Every structure is written in C-alpha cells, then in structure tokens.
Amino acid sequence: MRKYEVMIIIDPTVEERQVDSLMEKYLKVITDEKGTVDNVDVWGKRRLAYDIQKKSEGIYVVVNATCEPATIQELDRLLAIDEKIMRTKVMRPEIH
Amino acid sequence: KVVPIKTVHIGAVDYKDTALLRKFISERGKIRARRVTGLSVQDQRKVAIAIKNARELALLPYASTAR
Amino acid sequence: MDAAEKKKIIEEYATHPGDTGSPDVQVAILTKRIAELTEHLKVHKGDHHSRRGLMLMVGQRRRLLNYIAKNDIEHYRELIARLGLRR
Amino acid sequence: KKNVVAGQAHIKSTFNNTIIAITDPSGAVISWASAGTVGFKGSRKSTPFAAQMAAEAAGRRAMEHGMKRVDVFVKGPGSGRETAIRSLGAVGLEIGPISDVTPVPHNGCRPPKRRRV
Amino acid sequence: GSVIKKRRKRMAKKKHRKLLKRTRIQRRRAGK
RNA sequence: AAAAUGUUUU
RNA sequence: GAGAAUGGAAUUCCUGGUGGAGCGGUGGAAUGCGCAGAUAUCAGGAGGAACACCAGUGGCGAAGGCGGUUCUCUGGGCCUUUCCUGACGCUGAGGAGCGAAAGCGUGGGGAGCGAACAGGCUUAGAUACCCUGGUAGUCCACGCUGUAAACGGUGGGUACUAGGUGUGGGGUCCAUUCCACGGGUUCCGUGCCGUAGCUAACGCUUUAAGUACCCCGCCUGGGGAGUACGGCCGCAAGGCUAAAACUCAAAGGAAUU
Ligand SMILES: [Mg+2]
Ligand SMILES: [Mg+2]
Ligand SMILES: [Mg+2]
Ligand SMILES: [Mg+2]
Ligand SMILES: [Mg+2]
Ligand SMILES: [Mg+2]
Ligand SMILES: [Mg+2]
Ligand SMILES: [Mg+2]
Ligand SMILES: [Mg+2]
Ligand SMILES: [Mg+2]
Ligand SMILES: [Mg+2]
Ligand SMILES: [Mg+2]
Ligand SMILES: [Mg+2]
Ligand SMILES: [Mg+2]
Ligand SMILES: [Mg+2]
Ligand SMILES: [Mg+2]
Numbered sequence: 001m002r003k004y005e006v007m008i009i010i011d012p013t014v015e016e017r018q019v020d021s022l023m024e025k026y027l028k029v030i031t032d033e034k035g036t037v038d039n040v041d042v043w044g045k046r047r048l049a050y051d052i053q054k055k056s057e058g059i060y061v062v063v064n065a066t067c068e069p070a071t072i073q074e075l076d077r078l079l080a081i082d083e084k085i086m087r088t089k090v091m092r093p094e095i096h
Numbered sequence: 009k010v011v012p013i014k015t016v017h018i019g020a021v022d023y024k025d026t027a028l029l030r031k032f033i034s035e036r037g038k039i040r041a042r043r044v045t046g047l048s049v050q051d052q053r054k055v056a057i058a059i060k061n062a063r064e065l066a067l068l069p070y071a072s073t074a075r
Numbered sequence: 001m002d003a004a005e006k007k008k009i010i011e012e013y014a015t016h017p018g019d020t021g022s023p024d025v026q027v028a029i030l031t032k033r034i035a036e037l038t039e040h041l042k043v044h045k046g047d048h049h050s051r052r053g054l055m056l057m058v059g060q061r062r063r064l065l066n067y068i069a070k071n072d073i074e075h076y077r078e079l080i081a082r083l084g085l086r087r
Numbered sequence: 019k020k021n022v023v024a025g026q027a028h029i030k031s032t033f034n035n036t037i038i039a040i041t042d043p044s045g046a047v048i049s050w051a052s053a054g055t056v057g058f059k060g061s062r063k064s065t066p067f068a069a070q071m072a073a074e075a076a077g078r079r080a081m082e083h084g085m086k087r088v089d090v091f092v093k094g095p096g097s098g099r100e101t102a103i104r105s106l107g108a109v110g111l112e113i114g115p116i117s118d119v120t121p122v123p124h125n126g127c128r129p130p131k132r133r134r135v
Numbered sequence: 002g003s004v005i006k007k008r009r010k011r012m013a014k015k016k017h018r019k020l021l022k023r024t025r026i027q028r029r030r031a032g033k
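Residue numbers (the authors' numbering), protein chains in the order written: chain F, 1 to 96; chain R, 9 to 75; chain O, 1 to 87; chain K, 19 to 135; chain X, 2 to 33.
Quick look at the structure:
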C-alpha cells in the first residue's frame, strides 16, 4: 500500500461531465481492491508548452492515490490502452 | 569564485510548481549551470529532474527558441 | 523485508528476549535474505551485481555458522536443522 | 507575378557555401540563390562576399516578385550569415527577428569520424 | 618506459600473428 | 597540404 | 544493477506543396548527386540509435564500468547516541565467479556511423592520410570468448608520524531566527599544496612511494619468447601453462648539457 501521484493530460475536446465519468471509472478500478483515493484535482484546460498529438491544449488532472503497485500498474495500462487520454505520468514521491 | 554566488534555498521542488522551474531554466530554455544558479548539489539535482519531468509532461518547453 | 517478518524472525530466533544481534538471529535473517534474493535473481538472471551481493551474504552466513559450530556443535546442528538442514 | 508582401528568409550558411531562400510564410519558397548560382564555384564560394552576392540576388528577384519586409531565420556554422543580413538590408527591406533555427542534436545520431589532416 | 620495448614486443607479436594467419590451415589439418 | 633517402676510410 | 513502459530534439528515408540549377566536398579538386526537378523550404508519416542543457574541480561500483523520464525488483555504502552478539578478525595457494571493446554462434533489427571494398584525389608509387560511396559490425535476445596502457603502470588489512586549503555525504552545537544565512565540531569520502621521512632521480608525503606487523601475487641481464613441444580451455579466432639450443656485453631507469 504505497502512495502515488498520477498526472493525466486528457484530449482538449473533452468538456466536463465525460471527464468526470472517466475519472469516476478509473477511481473505481483503483478502489475495487482496497485502493483509497486521497485527492483528485482538475486543473482544467491549459495550453501545452508544445503540441501533443496535434493538439495545442489539454486537460490536466492530478490524482493522489494510496494503493498497491499492481493496482497502480493496472491503472496505468488502462490509461495507456485508452484512446481518449493524450499522456500519463506516474510519480511516486519517496517522502510524501 | 562561487562563494560570491550565495547559496540559494528553495524548499520543496514539486515539478508541478512551474515558478521555481522557470526561475532556474535559462532564457533559451536550458537548465542553468550550478555555478550560475547558486544551488547545492542535491537541490540542483532535484531541480534538473523536475525540469526534465515538466518537459516530458508539457508543463515546460524543451527549448523556448526565439527568446 | 518490510521489517514485519524481519522483526518476526528476530524474535523467533533470538536466544533471549533482548537478543537482536547474536549469530543465530544473524544467520536466520541472512537465510531469509538469500531466499528472497534467489527468487529475485530467478526473475532477473542478468543482475550480476545483486548476485555478488548474494554471494557476500552466503559467505557471511558461512562464517557465522562456522563460529557457531566451533563453539557449540549441538546448537549448530539444531540451528541448521531448523534452517533448511544444510543441503 | 503575385505580390506576397510579407515573406520570410532562410539563410543556410555552411563551411562550404551559403544558400538563401526567400519563402512564403506558408513555407513555399518564392526565390532562392547560392554562391554556386551567382558565379562562384568550388573553394571560393565559401567566402562572405559570395554570400553577399547570393543574398542580394535572391532579395532582388523577390523584389521584382513583389515582396516587402522579411522575418529571417539563419542556420549553420558558416561565415556569410551576417554579411547576407547586411546584403538584404542594403538591397532594402525591413529585417525583423533574426532567428537561430540551426539544429542541435541531443547526442542523437553518431557524428562521422574526426578528420586526420 | 621508452616505448621502444613495447615496439619490439609489438613487432614480435605481429609477426607471430601473421605466421599464424598464413599457416592457419596446416595447423588445423595436422596440429594445433 | 602532401614533400623520401644519406655504404666499407684509417 | 536488472526488467518494463515511455519522452523530446536531431539524422536518414518516404509522401505532398513550393521552387529551379546546381548541390556536395577539399589544401585545391574530382568521383558523386541533380531539369527524370536535386540542394534548399514547409507539412505529414515511418524507423533505428544515442540521450543537449543539468554535467565538473562531482557521485556510485570489487574491478570492468555507470547519465532522457517514470514505475517494478534488487546490491552495497555512510552516520548515530543508546541496543545486541562477544574476537565471530585478516589474508588467502589451488578453485569458482565477474570481467571495456573487438570477435564467434542462432535468431531479430539496421537510422547514423563504419573495418573490408569500390571510386576520386595526392604521389616517383599511395595496397595510406583527404573525398564520395559502402558490407560485416555497432543495436536486441540467448550463449561463447576471457583479453586490454583491464594503469594510480602503486595487492589486501591494521596502527602510528607537521600542517595548510578546496569539495561530496551523514550527524550535532551555537547566535539571530525559532527557517535558513552563518560559523564551529565530529565521522566517512574525494582533490591540491606541503614538513619530517623516503627515493637513483623524477617525485611520494595521513588517500605514502614514510615508520611498522600479518597474508597473497610476482622479479633475478637483453634478445630468442610469452615462441616451440606437451597438456588444458574454445565452435573458431585464439587464451592459459611454459622451455631449450643459440646469440649479445650490453638492454634499461631518471636526469644533465
Ligand atoms: Mg536486457
Ligand atoms: Mg558538456
Ligand atoms: Mg576529477
Ligand atoms: Mg555480555
Ligand atoms: Mg579463472
Ligand atoms: Mg561487443
Ligand atoms: Mg553477432
Ligand atoms: Mg545475424
Ligand atoms: Mg572512407
Ligand atoms: Mg581502464
Ligand atoms: Mg601488469
Ligand atoms: Mg589479493
Ligand atoms: Mg599496504
Ligand atoms: Mg581526508
Ligand atoms: Mg619505492
Ligand atoms: Mg602461446
């Protein structure tokens, strides 16, 4: 049961509601096995410092979640196999 | 030498926090050297790692190019 | 080795309640670490540096067992009988 | 033929010669010149004067194609970069943000072997 | 070191290796 | 920019 | 250290737009490429490899070595006042493992680079330097090989013997803070200067090449020769072990002019 911080860059065409639905389903797959979710922050739409998949902007999400390594890897593979998220990064701050 | 460049403190690095990373990135978009940024070795390492992460994660440009 | 089973091993191989550094405890800890590293190496056969660490642990445990057997041979027999019978 | 007004310039100056390309901001090249095109050939086409001649020729042809002030991007470890800049200025059209579009690898591909002159 | 010693050993080694190259076939037919 | 060599006196 | 995913720039190739006579290359050239539209320029795509800046005067590793980021797995080091065991230490023939690069085997991959090779130049000749091409290889997986100026040309352990001055890591103390700037102090690294001392000299000098004790490897003039014969190892290349006849009266180290 470690804690991780996942930053998610979602395609800019998303306009609310379905972003929340995606967040809910991914948090569900986290929480199916004892994986508590500490915080979900939606920065919103921001201009990308460079083009990502031909897109100049993106929706930024930060998910602080305490879970198992297998669970976080499975969440990462789900985010990868998804076609609606431009990029994902999984930080594990060793101290906090 | 380098003592006249007084040691600078930053606290938490937090690659999300773009303000410090901008303060330590060069005007061209590069990472400033230690002798010009005035950071300890550990703080400089953390700043460089955070800059690289922000670059890969689109919070910072790989090179600002034209000014 | 999240310190939980490490403390468990220390307490169930200690000679007396305060014991945490006697050769028996050291050999038990080293054997558990050798087993774990053997599994890790079976997963990653290419980890030569970790294999060298494993060999260092093996030699250290061997010297500890040699000391134990030089002092008390029956105690050495009981310890190794608990710990994998020295095959 | 057609008046492009704005346009832009690309000044590729290498150790061997200099090439000037006046292009539509869409990237389509309007006119171009090089030391080889304007007279010089071989070793003597690396000189800054060759870049001067080529730059002024390209600028003139772009002028009778009807092209006003230029934004310029320069590239390459040549010697005729600045001289070509002056040349465009002398032929006469407002020069804007001189760039540094020259590429730089992040190690990337291996460079060729060191010469043993 | 005067490098002359290394050059002498270099030439001896290179000559022997050339001999091995030229007599490679005979050695494997009958010998080392 | 490449541009080699220098028998046996007494 | 191992595994997996993944980021951006650059090169090359591909497709398209634009545009037209050269491009490229050198000491100078030519081979070469290019009106069948190159070079250049913009857009889109494919692919392999290496990770600018951070980055050295630095870190880590037994050595060889190790630099995009993230996660997973894992080794060792350092410090600490208490705590535990109570000499359990050191070294280590033979043996075993690890061991840059090149090389080898099977399969994959192949952008760039590039032995061999082809051509152009230079030349008395040029089986070279330089230029244009360019295959193995470089890359990956699994093995093999086991050698390097694998060098600090300095085996490991320990104790002692002026200092001065940078720097990396962990503590702890102080004043203003109630951060940190600062100074100290302590333990472990890593450089430079330098005393005693040592050395043929150069130089080394608390990281010894000083003063000592323990264990291992090794040397006994230069060639012949790390060669032959034999044996072992290897798929091969070769590696390891290792002479003698004969021959010379020098070979060599540092330094001086
Ligand atoms: Mg691998
Ligand atoms: Mg550098
Ligand atoms: Mg150094
Ligand atoms: Mg006691
Ligand atoms: Mg061996
Ligand atoms: Mg290799
Ligand atoms: Mg191969
Ligand atoms: Mg093959
Ligand atoms: Mg060549
Ligand atoms: Mg070496
Ligand atoms: Mg040696
Ligand atoms: Mg030894
Ligand atoms: Mg010693
Ligand atoms: Mg020291
Ligand atoms: Mg000596
Ligand atoms: Mg031999």
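Quick reminder that beta carbons are idealized off the backbone N, C-alpha and C, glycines included.
Under the DSSP definition of a beta bridge, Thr65 of chain K lacks any partner.
Taking a contact to require three or more Cβ pairs closer than 8 Å, the region 38 to 52 of chain K and the region 67 to 77 of chain K qualify as touching. Counted as a single uninterrupted DSSP element, the beta strand (DSSP E) harbouring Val42 of chain F occupies residues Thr36 to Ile52. For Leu65 of chain R, the nearest beta carbon of chain F is closer than 8 Å to its own beta carbon. Of all residues in the region 102 to 129 of chain K, the ones placed with a Cβ closer than 7 Å to any Cβ belonging to chain R are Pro115 and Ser117, in chain order. In this structure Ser22 of chain O does not touch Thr31 of chain O by the C-beta definition: roughly 14 Å separates them, more than the 8 Å allowed. Apart from sequence neighbours up to five positions away, the residues of its chain that approach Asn61 of chain R with a beta-carbon distance below 6 Å are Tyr23, ordered along the chain. Between the alpha carbons of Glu24 of chain F and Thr13 of chain F lies a distance of about 18 Å.
By the Cβ neighbour-count rule, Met7 of chain F is buried, with 16 or more other Cβ atoms within 10 Å of its own. Approximately 6 Å separates the beta-carbon atoms of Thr26 of chain R and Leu67 of chain R; this is inside 8 Å, confirming the contact. At the C-beta level, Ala65 of chain F and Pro69 of chain R stay beyond 8 Å of one another. Non-local C-beta neighbours of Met57 of chain O in its own chain, meaning closer than 8 Å and more than five positions away in sequence, comprise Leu30, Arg33, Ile34 and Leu37, ordered along the chain. For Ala62 of chain R, no Cβ of chain K is located within less than 8 Å of the residue's own Cβ.
Taking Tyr76 of chain O as the centre and dropping the five residues before and after it, the same chain places the C-beta of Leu65, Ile68 and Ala69 closer than 8 Å to its C-beta, in chain order. Burial of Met85 of chain K is indicated by the presence of at least 16 other C-beta atoms within 10 angstroms of its C-beta. Going by beta carbons, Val29 of chain F and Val63 of chain F fall outside the 8 Å limit. The beta carbon of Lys89 of chain F falls within 8 Å of a beta carbon belonging to chain R, placing the residue at that interface.
Within the region 84 to 135 of chain K, the complete beta strand (DSSP E) segments of 3 residues or longer fall at 89 to 93, listed in chain order. For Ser31 of chain K against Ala74 of chain R, the beta-carbon gap comes to about 19 Å, at or over 8 Å, which does not count as contact. By the neighbour-count criterion, in which a residue is buried when 16 or more other Cβ atoms sit within 10 angstroms of its Cβ, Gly35 of chain F is buried. Proximity of chain R to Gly58 of chain F at the Cβ level (cut-off 8 Å) is accounted for by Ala66, in chain order.
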